[PDB]
Structures are given as structure tokens and as C-alpha cells.
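Here the structure comes first, spelled out in C-alpha cells, and everything after it is commentary.
Methodologically, a virtual Cβ is constructed for each residue, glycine included, from the backbone with ideal geometry; neighbour enumeration extends over all protein chains shown. Read-outs throughout are calculated quantities, based only on the coordinates presented, and are distinct from any laboratory measurement.
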Amino acid sequence: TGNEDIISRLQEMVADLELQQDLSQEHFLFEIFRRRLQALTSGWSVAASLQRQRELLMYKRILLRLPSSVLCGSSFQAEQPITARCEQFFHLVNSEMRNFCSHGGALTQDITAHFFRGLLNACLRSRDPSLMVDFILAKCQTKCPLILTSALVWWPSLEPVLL
Amino acid sequence: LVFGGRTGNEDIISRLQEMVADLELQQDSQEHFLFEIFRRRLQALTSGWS
Amino acid sequence: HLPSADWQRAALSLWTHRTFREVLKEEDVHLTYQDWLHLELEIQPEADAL
Amino acid sequence: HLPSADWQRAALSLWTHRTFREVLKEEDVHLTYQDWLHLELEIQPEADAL
Amino acid sequence: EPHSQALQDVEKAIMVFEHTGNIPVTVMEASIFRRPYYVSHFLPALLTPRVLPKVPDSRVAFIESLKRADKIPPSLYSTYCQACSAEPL
């Protein structure tokens, strides 16, 4: 309620830079996220805890608007240059969003779908699609198991879209 | 008296913009559904000088 | 149940009701995607409950 | 187009005047991108002007 | 019926004119070459002998743009202005 042209201007520039980089490298967004979460008080104070939650739900919202390509990139080039920006995203899901943007030992229907949509986009755009999907979902047992445990809850949602 | 008209929803032109940018990458020769819908609606009008 | 009570309570007491659920199954009532759109398009950004 | 020609002309007369242009140069006053964003975020999609 | 049709016709004219500016051109043709229809349509372009709001708006600017177009013979605009002034129980 003020801004529903400015988030359109954001969509513009984010999809632009996706294509500019498709001419492996990591997104500037996650840097800004780390800066602001660090520059909040590391105090436990309920005021600060709630302020961190607020700033994170705004982050969750902003990625939902912007393409599913910022998470997984697009076109996983080879198996050697692999898991670049997904680790960026996983670190955020462990450090922050598992605290606030969660329920029941799991994530949100919304980001869960926003991820899996982006995942199948880059993977099917790449060769060895089934094999490389199986690669990143084996990695998730080690690095960000929240995604797998989210997709367990929000499966009856995703499976139709994925199929 | 009708006195111009209401805007209503610049939420839903953003919800479309989602799914469109999505199908854009999902495909990247074969043709879009959009111009199909446009042609159907302009055909379903009258052709008149009215 | 016909109270002049608070309306938040009223709405949800209605939701709970079995027979209201039994109704939504008979299904020019189950709210198509497009019926949804046509209400949601009416509303304005100007006033809003959300 | 828009409200009183007087108010419109007042704005244009001000904008044209030299000493306004000489003011805008030496400046914190020259409207940072971020300052501009703060005002454009302050406004709504409700009462437009445009 | 041309008293009701004219209304629905000018409705479309104004809500186009909103999304645009500068007078939907169907109507400005209808002006010079459907002159009796221009007058049967033109009725609802000033059938607002009604409270003029404080803020100028759709209907207002539509009529403004017409009188700038040198159309609206001033007789009917003067009409608009003046009418707008507005036991067993």
C-alpha cells in the first residue's frame, strides 16, 4: 500500500540481470540479507527478535515476487560447476528462516513451491535432468534438510505442478 | 450516472506477470496461448459500425 | 444458533457447521477460480480489510 | 489538465526562476535516488494524481 | 431507447477516455457525420443536472475536452450549468 509499482520496477531489473549473467556467480541479494541481519542486534531482546522476524518475512515476500531463477540460477553448466547460489540460499534457510518463517519443524507452502518451480526450470533446461535433480536432492540430506522436510508437508500441492 | 469508472485490481496484473515470466524461462518457435485468447475475444464481439 | 454476538465468532461458528460443509460439496457453490477472480476484481486498493 | 491554472502557473514560474536553479547545485538538496524512493513509497495506489 | 442506448454508448466513451486521454475518436466521427445521433448521444454528455463534486473528474474532464474541441454548442452547456445549480396509518 504505496509500492505496487516499485516492486514491478524490481521484477524488471532482476529478470534483466538473470539474462545478463546467463551471458555460476552468486547474486548480490543474499549479501544485502546478511548485511542487515548482522547490523541488527545479536541481543536476544524480544524487540530485536521480533524486528529480525519482520525483516525476514519481508525477505521471504520479496523472493516470492521475483523469479524462481534467483535461487537455483538457470542452466547448471556441468556437474563440476554445481550448487552455486543454492548453498547461498541453504545457509539463509538454516541461519534465519528456520527460526521465524517456519511451522511444525518445516517451511512455508509458498517458498517451498517457489524453490521447486525454479529447480525444475534450470534442471529440465540442463541435460541429465533426472540425474542432476537427484544430485541436488542428495546434497539437501547434508546442507539444508528443511527443504526436503518442507516438501514432505507441501507435496499434495507441488506434485501436480511438477508432473 | 456512471461518472468514469473504477480501477479495482493492480494486484492481479502483478499475479499474471509472475506466471508469464515463469512460462517464458520454462519454454526457452512454438506459439503462445495469449494471441489465441485475443483473437477469440475480438471474434466474439460484433463487427458493426455501431 | 442466531446470536446478535460478535461477527468474527459468527462467521467461524458458521464454518465449523457440518451441514454448511455438506452444502459446498453440491457444487455450483464450490467457488470456481473464475467466480473468485470476479469478486477479487471488484475490491479496491483504496479501502481494504487487509 | 489538472487543478487550478493559478497553482500550475505558480509551480512553473518557481521552476523557471534562476535563483532556484543556482540553489539546486551546492547540494544535499539535489534529491538522492534513495530520498526520491522514500517519497514515491510514501504515496499510495489509491489517490493517484496520475 | 436512444435515451438509454446513448447512455451506455457515452459510458464506453468516458471509460476509454480514462485509460487514454484525448477523446475516443469513434465519438468525434459520430459528431460531424451522425449529427442527429450526435444530439441523441450528446444528451447524456450533459444529463448530469447533479451535484458537481469539489474535485474535477472523468465526466468533468470529458466535457472540458469537448468544449476545448470547440464542440458542445453553448446553449446546452448553459442548460447543464443552470440545471446543475440544482389516520389510516
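The convex hull around the C-alpha trace of segment E:46-85, projected and averaged over every direction, spans 2.7 square nanometres.
Peptide A:112-119 has a mean of 1 when you count, residue by residue, the C-beta atoms of other protein chains within 10 Å of its C-beta. For segment C:5-48, the set of trypsin sites (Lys or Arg not before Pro) satisfying both a DSSP loop assignment and a count of at most 10 other C-beta atoms within 10 Å is given as C:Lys25. Across the alpha-carbon atoms of segment A:17-163, the computed radius of gyration and Dmax are 15.6, 49 angstrom. Within chain B, the proportion of C-alpha pairs whose separation exceeds 14 Å stands at 73%. Take the alpha carbon atoms of segment D:11-30, find their center, do the same for segment A:12-56, and report the distance between the two centers in whole angstrom. First find each Cα centre; the distance between them is then 37 Å.
Once the mean of 1/r is taken over each pair of separate Cα atoms and inverted, the protein assembly as shown shows a Kirkwood hydrodynamic radius of 27.6 Å.
To the nearest 0.05, what FRET efficiency results for A:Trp155 and E:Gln82 with a Förster distance of 60 Å applied to their C-beta separation? With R0 = 60 Å, the Cβ-Cβ based efficiency is 0.25.
From the alpha carbon centroid of segment E:1-61 to that of chain B is 26 Å.
Mean partner shielding of peptide A:65-76, defined as the number of other chain Cβ atoms within 10 Å of each residue Cβ, is 2. Under 12 Å from a label point set 7 Å out along the Cα-to-Cβ vector of A:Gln53, the amide N atoms of segment A:76-115 belong to A:99-103. Peptides A:144-150, B:22-28, ordered by how many other C-beta atoms sit within 10 Å of their residues on average, highest first, read A:144-150, B:22-28. Model label sites at D:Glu40 and B:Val20, defined 7 Å from Cα along the beta-carbon direction, differ in position by 2.0 nm.
Peptides A:119-125, E:13-19, A:13-19 ranked from most to least packed, by the mean per-residue count of other Cβ atoms within 10 Å: A:119-125, E:13-19, A:13-19. Restricting the calculation to alpha carbons of segment A:67-111 gives Rg and Dmax of 12.6, 36 angstrom.
Global size of chain C: 14.3, 36 Å for Rg and Dmax (C-alpha atoms, Rg to one decimal, Dmax whole). To one decimal place, what Kirkwood hydrodynamic radius in Å is obtained for chain E from all pairs of distinct Cα atoms? After inverting the mean inverse Cα-Cα distance, the result is 13.9 Å. With a 10 Å cut-off around each Cβ of C:43-50, the average count of Cβ atoms from other chains is 4. Rounded, prolate or oblate: which fits segment A:78-149 when a ≥ b ≥ c are the square roots of the eigenvalues of the alpha-carbon gyration tensor, with rounded for a/c under 1.5 and prolate only if a/b beats b/c? Taking the square roots of the gyration eigenvalues as a ≥ b ≥ c, segment A:78-149 is prolate.
Model label sites at B:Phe35 and B:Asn9, defined 7 Å from Cα along the beta-carbon direction, differ in position by 2.7 nm. With the helix formula -39500 (n - 2.57) applied to DSSP H stretches of n ≥ 4, chain E reaches a computed 222 nm mean residue ellipticity of -22000 deg cm²/dmol. Legend: ranking of residues E:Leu89, A:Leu71 from fewest to most surrounding C-beta atoms inside 10 Å; resulting order E:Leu89, A:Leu71.
Modelled this way, with points 7 Å down the Cα-to-C-beta line, the labels at A:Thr142 and E:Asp70 are 8.1 nm from one another.
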